[PDB]
Amino acid sequence: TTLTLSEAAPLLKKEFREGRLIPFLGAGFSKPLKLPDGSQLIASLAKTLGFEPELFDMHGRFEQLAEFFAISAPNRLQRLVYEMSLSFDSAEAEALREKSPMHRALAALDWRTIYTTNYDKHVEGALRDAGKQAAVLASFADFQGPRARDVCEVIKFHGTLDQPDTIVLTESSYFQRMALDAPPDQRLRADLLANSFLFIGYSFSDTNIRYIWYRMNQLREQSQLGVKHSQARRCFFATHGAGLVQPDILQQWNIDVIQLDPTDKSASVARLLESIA
Amino acid sequence: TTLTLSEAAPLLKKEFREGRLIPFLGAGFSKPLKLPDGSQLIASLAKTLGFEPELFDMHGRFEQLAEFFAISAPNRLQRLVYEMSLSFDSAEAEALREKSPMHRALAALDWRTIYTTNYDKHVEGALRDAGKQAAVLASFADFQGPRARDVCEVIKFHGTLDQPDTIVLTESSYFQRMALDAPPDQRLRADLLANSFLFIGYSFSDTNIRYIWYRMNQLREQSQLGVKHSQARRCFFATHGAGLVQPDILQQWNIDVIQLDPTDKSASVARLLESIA
Amino acid sequence: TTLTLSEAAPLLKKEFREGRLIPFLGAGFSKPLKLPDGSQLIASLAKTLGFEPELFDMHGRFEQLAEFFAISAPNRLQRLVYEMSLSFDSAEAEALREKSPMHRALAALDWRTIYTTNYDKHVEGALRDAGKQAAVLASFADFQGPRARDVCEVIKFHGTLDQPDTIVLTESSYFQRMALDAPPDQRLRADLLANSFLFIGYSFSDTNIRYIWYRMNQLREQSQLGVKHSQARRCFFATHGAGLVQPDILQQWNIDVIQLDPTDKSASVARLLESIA
Amino acid sequence: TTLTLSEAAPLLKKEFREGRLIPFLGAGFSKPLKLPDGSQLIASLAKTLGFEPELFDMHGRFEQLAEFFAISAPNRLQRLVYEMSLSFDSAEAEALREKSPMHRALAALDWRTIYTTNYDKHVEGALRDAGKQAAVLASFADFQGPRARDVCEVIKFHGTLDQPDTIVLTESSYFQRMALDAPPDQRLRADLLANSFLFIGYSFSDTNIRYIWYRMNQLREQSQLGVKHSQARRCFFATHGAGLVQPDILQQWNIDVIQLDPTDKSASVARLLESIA
Amino acid sequence: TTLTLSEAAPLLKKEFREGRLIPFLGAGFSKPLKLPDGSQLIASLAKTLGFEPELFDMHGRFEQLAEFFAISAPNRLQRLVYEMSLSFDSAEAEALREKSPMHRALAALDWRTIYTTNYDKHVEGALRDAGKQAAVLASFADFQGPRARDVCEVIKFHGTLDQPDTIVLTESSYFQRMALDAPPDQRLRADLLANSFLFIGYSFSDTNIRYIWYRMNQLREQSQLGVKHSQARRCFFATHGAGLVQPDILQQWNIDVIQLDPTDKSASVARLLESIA
Amino acid sequence: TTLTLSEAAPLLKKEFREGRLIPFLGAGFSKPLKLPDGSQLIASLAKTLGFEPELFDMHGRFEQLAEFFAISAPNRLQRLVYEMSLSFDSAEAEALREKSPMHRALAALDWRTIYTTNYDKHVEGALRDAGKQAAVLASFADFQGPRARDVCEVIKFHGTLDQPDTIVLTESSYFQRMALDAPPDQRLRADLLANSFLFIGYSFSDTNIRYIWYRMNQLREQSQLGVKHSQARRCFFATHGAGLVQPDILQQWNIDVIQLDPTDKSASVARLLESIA
Amino acid sequence: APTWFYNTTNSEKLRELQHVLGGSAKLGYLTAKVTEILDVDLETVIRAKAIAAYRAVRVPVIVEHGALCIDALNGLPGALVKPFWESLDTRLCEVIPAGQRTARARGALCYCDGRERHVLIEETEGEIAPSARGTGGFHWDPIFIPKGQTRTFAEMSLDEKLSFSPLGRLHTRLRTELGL
Ligand SMILES: O=c1nc[nH]c2c1ncn2[C@H]1C[C@H](O)[C@@H](COP(=O)(O)OP(=O)(O)OP(=O)(O)O)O1
Ligand SMILES: NC(=O)c1cccnc1
Ligand SMILES: NC(=O)c1cccnc1
Ligand SMILES: NC(=O)c1cccnc1
Ligand SMILES: NC(=O)c1cccnc1
Ligand SMILES: NC(=O)c1cccnc1
Ligand SMILES: NC(=O)c1cccnc1
Ligand SMILES: [Zn+2]
């Protein structure tokens, strides 16, 4: 009911040599850089507001606690971006990034499009470390700006720290992305029409990501394809610790789960990215 | 920062005598009828699937555990509706409903529209107990069907048990309502343009209810009203146990919190509905 | 107020050598193949219905007269597609297509994406004549189907005759495309975020094409770019006979008009496509 | 014609024990923290634009070269603030700041108001290092925000990096401050009515600072005080390398020059701040 | 729509214990000292000019009738200041000032700044009666003069009788203060950035006071704060007899009205100043 | 990115025949009369003060070195005006002015208003040479003085040598003009509301000229005109040697640059003024 | 309506706190059942008990937990006193050697408003009785004799027990810090 690493490796080679495999990188991909995930941010927002971090967690979800933070005082969200810039893109996080085996194995492949939902320059920065060049696309001005001819386009799906208007963190910013009208939303839905995705270090907790894969099946089911042909183009979900409910929800959306070895999280991902080559 | 019962009582009389107050009833309004809330359903779905009820709860949210239930076997959702009908609308739940002080105090007022998100005939059934007559509107055929002239229209916002296609319980049914295209969605957004609402026994956990009040502020903020005039039409949220984060999120959406006495939940609601008269 | 051919030629070379120019081909591009435009179809639908072709034209617009045709009798639209297939893709239209100077000049360039709104295999057929290979993408199954690595993708925006469910001709099919949810709609809106377009043989009479360029400015104006930077990425509209109102409407949407010589329509287009090389 | 360190020391003790001495700190005060001054920023802006740093310097003044940078591309100023935040407020600039003798000698005194024109948290950060607490005031929301009772207010006169809308760097932002209507402008002109200032590490090159001291003399000369009484309240300008023209311009504005020893710039400033105690 | 005395008392205690409450005293604060208000001056100017006091009142406003008085003859304004000195600061007005309950309750609090618009030494004289010491600041030479360390600064906003050049009474002197360039104007606009004010005995009839609170909202509205945060810092307007129009004009400028009991004007003010302690 | 002479010639004919073109003449317009520019004055001020002219230049800007000159001794500025009058308006500068092709081509056109920033009678003197009559307006008494009916008004924007109080040369005189309250300032800002200007021989180095064009855009941007209509009324900047930064700063202010041939400066200007006719 | 809620399932603790803090109209009463963590430290258990009771009742809550640290058992039970009196009822007087009967009766209140947890701790020196005596009171009151006194908590009335017990000093500290 779940692919292993050796089973999923010839399936990922076929989609990569055809140029139809696109990585989707989450907050767990920057975990070996000693960065906060979605839980250590809330522990830092609770310290500023005067909450204990265990009491602040039980008043709402991740989107709702950041919405409460941003309206506590004026200019409270601007300060968070400034602080995150200092801690996510610091020089010691740069130094952990050249010697990271996941970021080396990611940049060794010749991708054309990479999607990320984390606010740090460590996915395009991994491509600059390997001598390659990348193109960060986050806002409308980036898509219409000049690029080079054949350069890997890194789509910052949730925003970048150097453009603080593009960061979606609060609940009102997730509701603004439910219209699927932002330039990262329109680019994602067109790439999903034709490409397989590889989710690495990401857990489907964002209700706007799950809503995009929902509405691709409304195109898939209305097109009245067979049992054989509607199940042909799959997406892949590499996860150490998926539960018992979530892999069966995603089978509806043509998403297969690749079970990685949970003893060493960083080496299991790196062996997956080296098996694509 | 929070209205009491005596403070909110003249504010609710003014909106009721103008005919611009509409109740919105949740799952906590049927709690004195000994019915399951959103947690005792999941304890019953876990027993059917072979889970322990505490282990089944930590694999996903309420929408996602019901999505996992409905795809476990064919016709598994149809059986749930049948079981819920026999338990929610049973004869002993009818007998607890005439002697309930909340349902008597609700039906004593001369409402014109009532919205509910629970699957039971105990809100329109409370109106039949007081000699009044109600009109259940759940699907497209109900809105175009014949009614009488001046009859309280009970809008089953999430569906009714006698029309099992209208029940939204699973995650895919909540995503289908994100388009705001269903007949209860279109009727709600037009009533929200002109009326104050009174949330009784409901907690804002549905991401499609919160998204409707989100997009009413996008009309409110784009209309460029003043500080005084954009804050004039309020909605009211009667809750015994609102936390510390959620009342400040809802102040954005012109929703005021009415703190009820948590020692006796049923008598606190009944004194609120009697203060409107 | 309007570019000439020699003025627009260095502007089209710059966008083509960067790989950011995409042709958009209309019904006037298949006019030298002796095919009907939008007016000779209505003259053929009026003959079947028993109308005089001048009396049938004054009862509605092009979308509405085809909607009236399709509901006159059962299977009346299926017959039209069959008749169009025999007339549009006939062998004598193939023979006029190798010796056409526009189709030779189009296929001489190394495009990557071509959009068309006409129902004929004469744009991808022009690429097969030059030894190149093309990939027709019209439905959801085409986008998820297998292609080769670097092949010009011809996006049949309004449908193809070999897939009769994809043809949008009647008014109800244009209203179904107003949701911008079809796979050619989602691919167009993502290519418009990053690329200049060249409209050849097309007149903006479709209210779903004009609505897509409308909503790209709602992204452009909300992004609050300057006067200089919001006017940088232009689109180009080659037309022999644009009026006095329509070029000023399209200046709002960053669409520049290239005035071609109306004495010989086919040679003026061919000199434009040869100036890009 | 110029005060020495021992001559100016009893003049600074008298104004400090009366509570009427306010420091004004410039870009040279953060020079021992290995930060750029106004010339190494322009060397960094020229590298991004593709200029040689000596050729870029001769096309305009400091305000005008930053105005040219900010309009070269969209979001070009936002990136600069992000880069400056990671370079100015880095952890190795924090570590040089505790062992800096100027920042220790500044925080040893019990000031009430400090003005700075540099974008770094190293003046209020020096007060946090000495156990004291500071209050950064940069925007309108900071002045109306809550503070404590007796806390040194650090007025970021040109803006702060955690509030990027307050940074005045380009020429258009200096012209916007010529109206003297910003909250740091209004607070400065009222403190100048009653207090002596001590300029440390600042050179009068900003035409909005010089315009404020200009218009204080228009109040001083119109009040028709004597020769003795109009020259009583002085301001002090500690500078290693003032030229031959600028000290005589500032004598008009009751600004006296304190000549510091130019052999060691950091130790000369530290002996001045220790002589006030 | 209007605060009472018991409602406004905890709001004034909070701003006073933080040191952010500043009294603003008008001509009605010296009414129990048997002094003229703005109407009995005009009755005295009409007697000198040979007018009947009811006929002189209907030829212009208060500013314009004093402008007509000052240009009737040479040295006519100097005589008025001399006459006012004899009647406002007389010994029998001193004797009514120690036994006045408002002036005792004002001096019992430990203020730091007091603004007045009346020409009499009965606000700083009330502080000398309670053993405290005050510092009158009216002109440019007073702001740069020597004071003590922690002494309540009484800002004579419209001038003092011992400095007759500072008195603004005529229309030309109000127009000279529209530039907001005088030393009491610059000190007021900087204190308004950070402090709540308490208007006692003053009615907003001066068009230069109303223009200062106008231009503080132009800073407040351009800073784009929320509905919650732009309404946080309030000012207070204690008045026995405010009409129906003026309290709603001042709600725009964050000025709340405290309704005092109009039966005894002196005792209602004294209970307000004792409730702050 | 820069107009040539033949491109800008039909644009200047259209504004001239409508009477909406006004010349703005700088110090480079009197360069063929062998007069000092802004650099040879400073070489003459350094000789009087005892400086070497290369050492005097590096102690401040042009405004600041003249401020240092004027306060070196009493009556030092008056002597400079007397010396300038003898050198600028000498008889041999008159004789070079009739045979100058620029001054003949300027006076051949029928202007109505001419602005100059140089202290010499060679712009109105050029009009007297062509038989026309001019009206010099420099001070308040000139604007209210008698003129004839239809006579070209020459606005000496920085002053005239026959009225030495109107000359703005020192830094304190430029700061006095920052209020934009002088009669040449008020006349310029009203002519800029309705007219195109032609800058000939002037380089934007005066921070009060640049501040006037700054604040015309604050009226232009607040009026919320479109992209098309806010860019309609242009100003023109004829310059042989504009750099790389300054033409892009002035595009913000609707100022277009006309590149003249730098081999012969006098003949390039004369061909521009003859192309307007 | 109350603003603070004292949560206990023990109906004997309820009548003690209503004997002194009963007339306060700002204090309500709830009966939610929580599960304590396994630790002998009183400060650790009472702090984890308030976060587990706020999660149940979702109002500003006040919880209470005690300790009976004994010198002969090196501090045992500590905050593990609830399963000792269940297991060893009056044999707890017998498992402790005669001659080193000294012990501390500790008690802690922790109030949680939803954002902060503040712990108030009082403490009473004493010694375990040689045998259980007295009828009043409740759990382990017949075995504890305070220092100086000869009688147990069970032998004394409710006014006299609260002049020795840790709760009699915790009434005034809870009333002052909460304004009850
Ligand atoms: O001052 C006291 N005087 C006499 N006995 C006491 C006291 N304080 C606690 N005790 C007893 C009661 C219980 O048997 C055990 C504490 O355990 P404890 O968890 O707090 O009791 P519980 O679970 O039944 O009620 P609650 O829900 O308030 O925790 O020691
Ligand atoms: N940049 C990151 O690693 C990150 C972590 C958590 C949330 N968003 C971003
Ligand atoms: N009918 C109900 O009371 C109910 C409860 C919980 C969820 N849905 C319905
Ligand atoms: N295939 C075509 O040329 C065509 C013409 C008119 C309308 N649709 C298609
Ligand atoms: N804060 C700084 O170091 C700085 C440097 C240069 C210009 N402005 C600020
Ligand atoms: N000193 C006063 O009472 C007074 C009265 C009227 C006007 N100005 C001052
Ligand atoms: N009169 C002039 O030409 C002149 C020259 C230099 C500076 N100012 C004026
Ligand atoms: Zn317990």
Side-chain angles (χ1 to χ4, degrees), chain A residues 14-20 112-113 135 137-151 153 155 163 165-166 176 179-196 212 215-226 229-235 254, chain C residues 14-20 112-113 135 137-151 153 155 163 165-166 176 179-196 212 215-226 229-235 254:
Chain A
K14 183 178 179 180
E15 299 295 326
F16 180 73
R17 68 169 63 94
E18 294 177 354
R20 297 170 73 97
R112 291 184 294 171
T113 306
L137 301 179
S139 64
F140 179 75
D142 291 332
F143 281 95
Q144 284 189 353
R147 272 97 69 187
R149 183 66 173 84
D150 291 331
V151 164
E153 294 175 352
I155 309 296
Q163 298 179 1
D165 291 332
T166 60
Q176 195 273 126
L180 303 179
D181 196 73
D185 293 331
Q186 297 177 0
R187 176 63 182 269
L188 184 67
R189 295 180 70 193
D191 286 332
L192 184 58
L193 290 173
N195 295 315
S196 292
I212 291 170
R215 294 188 71 233
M216 189 57 66
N217 281 292
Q218 300 298 316
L219 292 177
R220 183 177 294 117
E221 290 180 353
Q222 286 169 357
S223 60
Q224 294 294 322
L225 270 63
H229 298 291
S230 65
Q231 300 291 317
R233 177 56 57 90
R234 311 291 289 170
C235 293
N254 286 327
Chain C
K14 183 178 179 180
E15 299 295 326
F16 180 73
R17 68 169 63 94
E18 294 177 354
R20 297 170 73 97
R112 291 184 294 171
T113 306
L137 301 179
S139 64
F140 179 75
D142 291 332
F143 281 95
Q144 284 189 353
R147 272 97 69 187
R149 183 66 173 84
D150 291 331
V151 164
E153 294 175 352
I155 309 296
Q163 298 179 1
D165 291 332
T166 60
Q176 195 273 126
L180 303 179
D181 196 73
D185 293 331
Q186 297 177 0
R187 176 63 182 269
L188 184 67
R189 295 180 70 193
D191 286 332
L192 184 58
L193 290 173
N195 294 315
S196 291
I212 291 170
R215 294 188 71 233
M216 189 57 66
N217 281 292
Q218 300 298 316
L219 292 177
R220 183 177 294 117
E221 290 180 353
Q222 286 169 357
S223 60
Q224 294 294 322
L225 270 63
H229 298 291
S230 65
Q231 300 291 317
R233 177 56 57 90
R234 311 291 289 170
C235 293
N254 286 327

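In the text below, chain A, chain B and the rest are named by the order of the sequence lines, each starting its count at 1.
- Rounding to the nearest 0.5 Å places CG of C:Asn217 at 9.5 Å from OG of C:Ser223.
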Practice item. Report the C-alpha separation of C:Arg189 and A:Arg189 in whole Å, then their side-chain angles, then the decisive distance to 0.1 Å, and conclude whether the side-chain contact (heavy atoms from CB on, under 4.5 Å) test is met. Key: CA-CA 10 Å; C:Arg189 295 180 70 193; A:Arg189 295 180 70 193; 5.8 Å; no
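- Only the side chain of A:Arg20 comes within contact range of chain C, judged by heavy atoms closer than 4.5 Å.
- Comparing A:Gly145, A:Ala232, A:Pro146 by how many heavy-atom pairs each has under 4.5 Å with chain C, the most go to A:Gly145.
- Atom CG of A:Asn195 sits about 7.5 Å away from atom CZ of A:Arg112, to the nearest 0.5 Å.
- Looking at C:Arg215, only its side chain comes within 4.5 Å of chain A, counting heavy atoms on both sides.
- For chain A, no part of C:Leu188 is nearby; none of its heavy atoms comes within less than 4.5 Å.
- A side-chain donor from one of C:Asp142 and C:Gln163 sits under 3.5 Å from a side-chain acceptor of the other.
- Chosen from C:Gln222, C:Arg17, C:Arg220, the residue pairing most often with chain A at heavy-atom distances under 4.5 Å is C:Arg220.
- Proximity to chain A involves both the backbone and the side chain of C:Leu193, based on heavy atoms less than 4.5 angstrom apart.
- One N or O on the side chain of A:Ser196 and one on the backbone of A:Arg234 form a donor-acceptor pair closer than 3.5 Å.
- In this structure, A:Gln144 contributes its side chain and C:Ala194 its backbone to no donor-acceptor pair below 3.5 Å.
- Using a 4.5 Å cut-off between heavy atoms, C:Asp185 makes no contact with chain A at all.
- Of the listed residues (A:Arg187, A:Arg149, A:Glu18), the greatest number of heavy-atom pairs within a distance under 4.5 Å of chain C belongs to A:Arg149.
- Looking only at heavy-atom pairs under 4.5 Å with chain C, the residue among A:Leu225, A:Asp181, A:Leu192 that has the most is A:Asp181.
- Separation of atoms CD (C:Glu153) and CZ (C:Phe143) is listed at 7.5 Å; rounding is to 0.5 Å.
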